[PDB]
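Survey of secondary and tertiary structure
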Amino acid sequence: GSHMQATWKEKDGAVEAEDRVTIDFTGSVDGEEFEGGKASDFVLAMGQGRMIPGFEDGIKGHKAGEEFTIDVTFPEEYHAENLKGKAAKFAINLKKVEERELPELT
């Protein structure tokens, strides 16, 4: 299945200004893990997808293959039809942290 819809050009080093890490986590919200209560290949954008104090903490993008637990709650603006206003808790495990650069930065 060779196609590749999305475009990526991330290197193989640590986290950078606006990168994208690969993390797997499992957590609950009000004491009960909802939909996203469990993620394996969670592609986080370091400084793109409103990296909140929670993700910006553990999922810094410095420990490729780490296992940590952080809190996460999405603001009133980050209301995505999938996880909008998700005030929950997660236990994540960092992995592939590279330097993604979709938009041309001049």
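So, a few notes on the structure that sits alongside this text.

Conventions used here
Residues numbered from 1 in each chain as written, not as in the entry; some residues may be left out. Heavy atoms only, no water. Helix = DSSP H or I, 4+ residues; strand = E, 2+ residues; numbered from the N terminus. Buried < 20%, exposed > 50% of the residue type's maximum accessible area, 1.4 Å probe, protein only. Contact = heavy atoms within 4.5 Å. Areas by Shrake-Rupley, 256 points an atom, 1.4 Å probe, with all protein chains shown as cover. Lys, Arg positive; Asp, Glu negative; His and termini not counted. Charge placed at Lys NZ, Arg CZ, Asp CG, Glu CD. Salt bridge = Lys/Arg side-chain N within 4 Å of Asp/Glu carboxyl O. 1 Å grid on protein atoms, 1.4 Å probe; cavity = no way out; pocket = protein on both sides within 12 Å on 5 of 7 lines; lining within 4 Å. Points joined across faces, edges and corners; volume = space filled by probe spheres on them.

So, on to the overall build of the chain. When helices and strands are tallied, the chain shows one helix and four strands. For the chain, the α and β elements follow one another from N to C terminus as β-β-α-β-β. For the chain, with 106 residues in total, the buried portion stands at 32%. Considering only intrachain contacts with a sequence separation of at least 6, the fraction spanning at least 24 residues in the chain is 60%. Of the accessible surface of the chain, which amounts to about 7,000 Å², a share of 46% is contributed by carbon and sulfur atoms. The centroid of the 13 positive side-chain charges in the chain is displaced by 2 Å from the centroid of its 23 negative side-chain charges.

Applying the stated criterion across every chain yields a total of one salt bridge. Residue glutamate 77 pairs with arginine 50 through a salt bridge whose shortest N-O separation is 3.7 Å. Residue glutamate 77 is found in the loop between β3 (68-73) and β4 (87-98), and its partner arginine 50 is found in the loop between β2 (38-46) and α1 (55-58); the two are separated by 27 residues along the sequence.

The next thing to look at is the layout of surface pockets. Approximately 330 Å³ is the volume attributed to the largest pocket. For the largest pocket, the lining is made up of 21 residues, of which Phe42, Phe74, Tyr78, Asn82 and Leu83 are closest to its centre. Among the elements of the structure, β1 (19-26) and β2 are those that each provide at least two residues to the lining of the largest pocket. Looking at which element gives the most residues to the lining of the largest pocket, the answer is β2, with six residues.

Fair warning: the whole summary comes from geometry, so function is off the table for now.
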